[PDB]
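Worksheet: one structure, shown below.
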Amino acid sequence: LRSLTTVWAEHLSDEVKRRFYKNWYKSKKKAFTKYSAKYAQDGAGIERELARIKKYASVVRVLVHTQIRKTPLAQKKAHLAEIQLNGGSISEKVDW
Amino acid sequence: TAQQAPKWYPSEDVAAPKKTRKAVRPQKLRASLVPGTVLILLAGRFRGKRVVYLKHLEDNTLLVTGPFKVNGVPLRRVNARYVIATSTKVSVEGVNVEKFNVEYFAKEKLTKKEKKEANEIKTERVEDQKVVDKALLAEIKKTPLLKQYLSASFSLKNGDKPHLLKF
Amino acid sequence: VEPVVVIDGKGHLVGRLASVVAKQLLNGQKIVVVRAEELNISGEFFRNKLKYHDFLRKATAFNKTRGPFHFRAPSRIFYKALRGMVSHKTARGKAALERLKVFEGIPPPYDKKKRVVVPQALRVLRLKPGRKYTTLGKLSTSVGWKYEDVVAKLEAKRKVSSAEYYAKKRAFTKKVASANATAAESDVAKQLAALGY
Amino acid sequence: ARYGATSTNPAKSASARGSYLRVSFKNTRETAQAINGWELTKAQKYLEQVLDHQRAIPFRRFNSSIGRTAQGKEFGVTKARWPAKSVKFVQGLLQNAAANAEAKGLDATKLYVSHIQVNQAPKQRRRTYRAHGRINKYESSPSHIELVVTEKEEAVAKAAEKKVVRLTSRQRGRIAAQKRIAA
Amino acid sequence: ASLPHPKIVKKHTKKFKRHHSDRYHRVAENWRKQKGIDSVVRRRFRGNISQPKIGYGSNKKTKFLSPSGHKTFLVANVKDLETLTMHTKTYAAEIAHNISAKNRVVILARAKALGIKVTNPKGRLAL
Amino acid sequence: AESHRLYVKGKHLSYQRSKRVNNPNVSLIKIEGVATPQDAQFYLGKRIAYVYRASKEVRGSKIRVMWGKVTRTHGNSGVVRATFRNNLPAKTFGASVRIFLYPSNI
RNA sequence: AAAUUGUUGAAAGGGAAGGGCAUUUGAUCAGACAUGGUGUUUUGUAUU
RNA sequence: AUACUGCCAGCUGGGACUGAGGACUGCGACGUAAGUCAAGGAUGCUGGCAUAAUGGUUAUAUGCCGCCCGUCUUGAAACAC
RNA sequence: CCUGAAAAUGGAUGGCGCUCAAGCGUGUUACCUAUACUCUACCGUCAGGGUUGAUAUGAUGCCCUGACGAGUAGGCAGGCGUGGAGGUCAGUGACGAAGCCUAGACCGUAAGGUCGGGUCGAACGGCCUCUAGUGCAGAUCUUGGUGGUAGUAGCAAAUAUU
RNA sequence: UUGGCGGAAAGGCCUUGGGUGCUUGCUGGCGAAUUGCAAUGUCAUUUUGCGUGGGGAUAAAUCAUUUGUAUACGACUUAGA
Numbered sequence: 099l100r101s102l103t104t105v106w107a108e109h110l111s112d113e114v115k116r117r118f119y120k121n122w123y124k125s126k127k128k129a130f131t132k133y134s135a136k137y138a139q140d141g142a143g144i145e146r147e148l149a150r151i152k153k154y155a156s157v158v159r160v161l162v163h164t165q166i167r168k169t170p171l172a173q174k175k176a177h178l179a180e181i182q183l184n185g186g187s188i189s190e191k192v193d194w
Numbered sequence: 002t003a004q005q006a007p008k009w010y011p012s013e014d015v016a017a018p019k020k021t022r023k024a025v026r027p028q029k030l031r032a033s034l035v036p037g038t039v040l041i042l043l044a045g046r047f048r049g050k051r052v053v054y055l056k057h058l059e060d061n062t063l064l065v066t067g068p069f070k071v072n073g074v075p076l077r078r079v080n081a082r083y084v085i086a087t088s089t090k091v092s093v094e095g096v097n098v099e100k101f102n103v104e105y106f107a108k109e110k111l112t113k114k115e116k117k118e119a120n129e130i131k132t133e134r135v136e137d138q139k140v141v142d143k144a145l146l147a148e149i150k151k152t153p154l155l156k157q158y159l160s161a162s163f164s165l166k167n168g169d170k171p172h173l174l175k176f
Numbered sequence: 003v004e005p006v007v008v009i010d011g012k013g014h015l016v017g018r019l020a021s022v023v024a025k026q027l028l029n030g031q032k033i034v035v036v037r038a039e040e041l042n043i044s045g046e047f048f049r050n051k052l053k054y055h056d057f058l059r060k061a062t063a064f065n066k067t068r069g070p071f072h073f074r075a076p077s078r079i080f081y082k083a084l085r086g087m088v089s090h091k092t093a094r095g096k097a098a099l100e101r102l103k104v105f106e107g108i109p110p111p112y113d114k115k116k117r118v119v120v121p122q123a124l125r126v127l128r129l130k131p132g133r134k135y136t137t138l139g140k141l142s143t144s145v146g147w148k149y150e151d152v153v154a155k156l157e158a159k160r161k162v163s164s165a166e167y168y169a170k171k172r173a174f175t176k177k178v179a180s181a182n183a184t185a186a187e188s189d190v191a192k193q194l195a196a197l198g199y
Numbered sequence: 002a003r004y005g006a007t008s009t010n011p012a013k014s015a016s017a018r019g020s021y022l023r024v025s026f027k028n029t030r031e032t033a034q035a036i037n038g039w040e041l042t043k044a045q046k047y048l049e050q051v052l053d054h055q056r057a058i059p060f061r062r063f064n065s066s067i068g069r070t071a072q073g074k075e076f077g078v079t080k081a082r083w084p085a086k087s088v089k090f091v092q093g094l095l096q097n098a099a100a101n102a103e104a105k106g107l108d109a110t111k112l113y114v115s116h117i118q119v120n121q122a123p124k125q126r127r128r129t130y131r132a133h134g135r136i137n138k139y140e141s142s143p144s145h146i147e148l149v150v151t152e153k154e155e156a157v158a159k160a161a162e163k164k165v166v167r168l169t170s171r172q173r174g175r176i177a178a179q180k181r182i183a184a
Numbered sequence: 002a003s004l005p006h007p008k009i010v011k012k013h014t015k016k017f018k019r020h021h022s023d024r025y026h027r028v029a030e031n032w033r034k035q036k037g038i039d040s041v042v043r044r045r046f047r048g049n050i051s052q053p054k055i056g057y058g059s060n061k062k063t064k065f066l067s068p069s070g071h072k073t074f075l076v077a078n079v080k081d082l083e084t085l086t087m088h089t090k091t092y093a094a095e096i097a098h099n100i101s102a103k104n105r106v107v108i109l110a111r112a113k114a115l116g117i118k119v120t121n122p123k124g125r126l127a128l
Numbered sequence: 002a003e004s005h006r007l008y009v010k011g012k013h014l015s016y017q018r019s020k021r022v023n024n025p026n027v028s029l030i031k032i033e034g035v036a037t038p039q040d041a042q043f044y045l046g047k048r049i050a051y052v053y054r055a056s057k058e059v060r061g062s063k064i065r066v067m068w069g070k071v072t073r074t075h076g077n078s079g080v081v082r083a084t085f086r087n088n089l090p091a092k093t094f095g096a097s098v099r100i101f102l103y104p105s106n107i
């Protein structure tokens, strides 16, 4: 299996965005800013990538992250991982 | 001192050579090389070009011409080992060739002090080229496609096998 | 000769083809071998499976990660044959092996290019009719290669596209054949026939 | 006088030297190679940071069976140390060389340590007592330290050789033909 | 300017270096015959250093002849050119390393007067 | 024209050698399109060039040449023996050489 | 002086290094002048 | 007739390596006297360069090969010293 | 060909690999290459021989011909190098001797010899002879010096310092 | 310039309409020489550097401090305008 592309969400929580940093406090928090700029339009780079994932990509996995602000740990850095979707067709998985 | 002397001394005069027993005899050209044969040059500035062969000079070289009018090769001498004699022949009758010789191809060697770091044709030579090439084109024009043949150069294409190619 | 020679690995016997292409690599030919799963081996399938299990039994006792690395893909089986036939521990052998590229199926760089055959390695010509033989894909999948089916479906896709291209080429060639038949029977065609073309 | 092989000019250079320095030659070599080629003021700041354990001398040659430290990360190595004594000796010599450069009238802001070198001084010997009534050596490895600071300048090489060229008659004819053809 | 002799052929321009002179510093490079019982060099196994043999000897006609064709001859004063005088096409002078600069200049002048070629007409003189 | 080659392509195969000793003084050349000694006999006594490139120009060119010639046929399969003025550098085992058509007999 | 070492410079380095034969590549280097002078179009006119 | 075998002091080609010697002498061959010759060892004509171009030394790369020497021993790279 | 046919690290027709073979038996040719054979060049050794005559010349010379060349232990020969001695070069040298450094040159098959460059500062060399405390990689050699190991083992008994 | 198709490593393959050059499909005119009888007789570069201009957006990581889900030392997991 080879990853074709990863489509992301318009707004990323600061908890998950903290995962992409090793020194988050001393940073400009520039993370997914240009991706969100690519967002706010219908399908300039989003619906087309999802159509690519539907046309190809026999396996689709959803990227998720944990709500560790809710969890009582001192972490504040969301664990983000991949969970495979195992039902329906590729189109159904992608639009799910 | 540092070195006293040698024990004995040999002779000192230049040695005369023995009477060499090698006589120069005229070269026997390969049978394909008859005057009027169309040759293709294999090396030099005019490599691959198709010329006609006029006369075998006395210094074992062959007199060729393009003619200059068709392909731009002037009256030159070439080595018989750097040409390919072809089947096609043009009758070189009606052209005078007895004028050309090594004396005709004098060079006037450049000086040793003339080192070209930053540093033409005689009218008589251009006139002989013109007259010979006129009398030669007068013959070449008769058979079709030969002027085009001589103008076009020769080269090996992919898949050409010289050991199978009949020139 | 050519810059790259691409060999359709189907129907070739592994050893004969490996000797051919090893000599070609040493002589300086760049060789790419596609369709390595359709590459044959003489002998019964069970016999060749026993040979591979005998190979699989060999590994450094004190550390199995230093011992022979038994590759399972058909392209890697053919590559191991070739590397045995090349003097791989010298710089020249390393260069000759770098000139080689083996594949299962026909990847995109080479599915659009001519594929040749080495007839002195071909099973139909070499083997006696009725003599048993194995297939490298079946052997590989039996000994632990996990991409037999995906390669099969990609191969079917490639077959379909190639057959469409071939039908188009046939139609165009037929139209050109009709055109040259009509424009033919001319002085030029007659003189070319008299000249040998 | 008579330092090591230097490629600079004494007009824009100052020197310092210290011989028979009872400091470890190996730790001193590592410290010298650490500050080698640096700006003088930057190297002085680095040496005081090493004394404060904020940074380390990377041990590159004499480092067998020494420990690992995150402070080696900035130098690309894993084995770095904090040789207080050799650092103090080296920065004493650095201040001496800066004094000499000021005396000679050198800008002192673009001074950089162009040359630094430490080799083995004659050893100082003592006795150590082993089991079963044996004597072994207990020897210091003093250092000869020397250094040269000089002013930074621009690229020092230009105006290459004439590069005379010799062509044959064929090559000269080809060049002339190409020149006549080209427009 | 000089007689055309037979071509100067050197059968072995490589130096015969003593075995293991590369391996050990105590073993000097000057050739020594290996006389060990098991020595691969003495036994002439394939792949080992070549041993000096009389078959490498130089042509009698070109022996002791330098590249120019002159045999080299040490001189220490103007007097020795006086036995080299009439043999300029077969003999070359060579000033001893011990000659002072003034005597070296005087020997050079004498050789230049006599047409004698000297093998080091560059020592102790500037550009 | 688009094709300008006046020579024949060949490849420098190896030195003359036994199982475990080689002779750098004679190299083996494979002529393209020849597979028989009767075919190679045509190229017998023909000049060969190894043309290579160096990054430093010397005599106005960055291209250097080693000249040699085809001496005799080798083996049963159209390989020939060739001898060059300087032996080929053994990194060219499999490098292309040019077999010219001179000296000519046709 | 050597072993041994520092610095600088050059080069190589996939479980040693070193060596022989051969070439290539880089660096480095020796070796033929103008010497008698039939030509003399030339200075301190027998001084090239 | 051809095949096969033998012979030819039969003919005609293609390619490679070598050029030792340095006045004459000898054995010859062809010629008609005289001369000439492939006959007791290469000459003729031509070109480029005349300088690191050829070459030497050196370091590296490459192809092949190369076990650590001394010793005692029938036998040593030796897990013999 | 198969069964008889069982051994211990993983494993060896040398390896890959080979099945109308790249296996087995036989036959026919072509081809590859040893320091062997043939033919040349050159080196040395051995043998057989030529060579009187006068200036400018050595007949311990010059030249012709042929054959041959493996070697431990061992024998002999011809040479190279070192300290000192007789003779000689009316030798080199403070205007730089000796020594030492130098992937600079030349010569000799080699032992080695000569020279260029740097350092140095008071002696030294060529040739004919004489002489010996005369040539080193080894001897668990002798004396001195220096390494890798290695900034390593370690500097932890006797309560404990701030 | 348009419409496409190709995810196996697609990184390529088609296609619409225009600008422009050549055309040896068939006939002409001029030029070529002298590189001297050959010398590869220099014609291709996922290189790099230094320059010019047509655009384009203006971060992190490490050390240090800290954590203990970790830890011999590194490393790991945290936090910190």
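Residue numbers (the authors' numbering), protein chains in the order written: chain LE, 99 to 194; chain LH, 2 to 120, 129 to 176; chain LQ, 3 to 199; chain LR, 2 to 184; chain Lg, 2 to 128; chain Lh, 2 to 107.
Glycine is no exception: its CB is placed at the ideal position from the N, C-alpha and C atoms.
Measuring straight from C-alpha to C-alpha, what distance separates residue i and residue j?
i, j, result
"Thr103 (chain LE)", "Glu166 (chain LQ)", "30 Å"
"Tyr81 (chain LQ)", "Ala24 (chain LQ)", "10 Å"
"residue 2 (chain LQ)", "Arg85 (chain LQ)", "Since the first and last residues shown for chain LQ are 3 and 199, residue 2 (chain LQ) lies out of range."
"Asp140 (chain LE)", "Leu148 (chain LE)", "12 Å"
"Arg22 (chain LH)", "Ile38 (chain Lg)", "58 Å"
"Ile117 (chain LR)", "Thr70 (chain LR)", "26 Å"
Kindly indicate which residue of the options has the alpha-carbon position closest to the one of residue i.
i, options, result
"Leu42 (chain LH)", "LH:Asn72, LH:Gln28 and LH:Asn102", "LH:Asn72"
"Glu109 (chain LH)", "LH:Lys100, LH:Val98 and LH:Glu129", "LH:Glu129"
"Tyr10 (chain LH)", "Lg:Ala110, Lg:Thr91, Lg:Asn78 and Lg:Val107", "Lg:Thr91"
"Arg37 (chain LQ)", "LQ:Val178, LQ:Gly95, LQ:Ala123 and LQ:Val104", "LQ:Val104"
"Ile151 (chain LE)", "LE:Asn121, LE:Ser187 and LE:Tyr119", "LE:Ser187"
Along chain LH, which residues have their Cβ under 8 Å away from the Cβ of residue i?
i, result
"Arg173 (chain LR)", "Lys117"
Please list, in chain order, the chain LH residues whose beta carbon lies closer than 9 Å to that of residue i.
i, result
"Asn78 (chain Lg)", "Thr2 and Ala3"
Is there a C-beta anywhere in chain Lh that falls below 7 Å from the one on residue i?
i, result
"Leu107 (chain LR)", "no"
"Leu52 (chain LR)", "no"
Using a Cβ-Cβ cut-off of 7 Å, state whether residue i counts as contacting chain LH.
i, result
"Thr86 (chain Lg)", "no"
"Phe65 (chain Lg)", "no"
"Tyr103 (chain Lh)", "yes"
Is there at least one Cβ from chain Lg nearer than 7 Å to residue i's Cβ?
i, result
"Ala144 (chain LH)", "no"
"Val15 (chain LH)", "yes"
Determine whether the Cβ of residue i lies closer than 7 Å to any Cβ atom of chain LQ.
i, result
"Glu58 (chain Lh)", "no"
Starting from the beta carbon of residue i, find every residue of chain Lh whose beta carbon is closer than 8 Å, and list them in chain order.
i, result
"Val165 (chain LR)", "Simply none; closest approach about 12 Å."
For the segment 2-15 of chain Lh, list every residue whose C-beta sits within 9 Å of some C-beta in chain LQ, in sequence order. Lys10, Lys12, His13, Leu14 and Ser15
Mind checking the segment 93-116 of chain LH against chain Lh and listing, in chain order, the residues whose C-beta falls within less than 9 Å of any C-beta there? none
Looking at chain LQ, which residues of the segment 72-96 of chain Lh have a Cβ within less than 9 Å of any of its Cβ atoms? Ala91, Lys92, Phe94, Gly95 and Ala96
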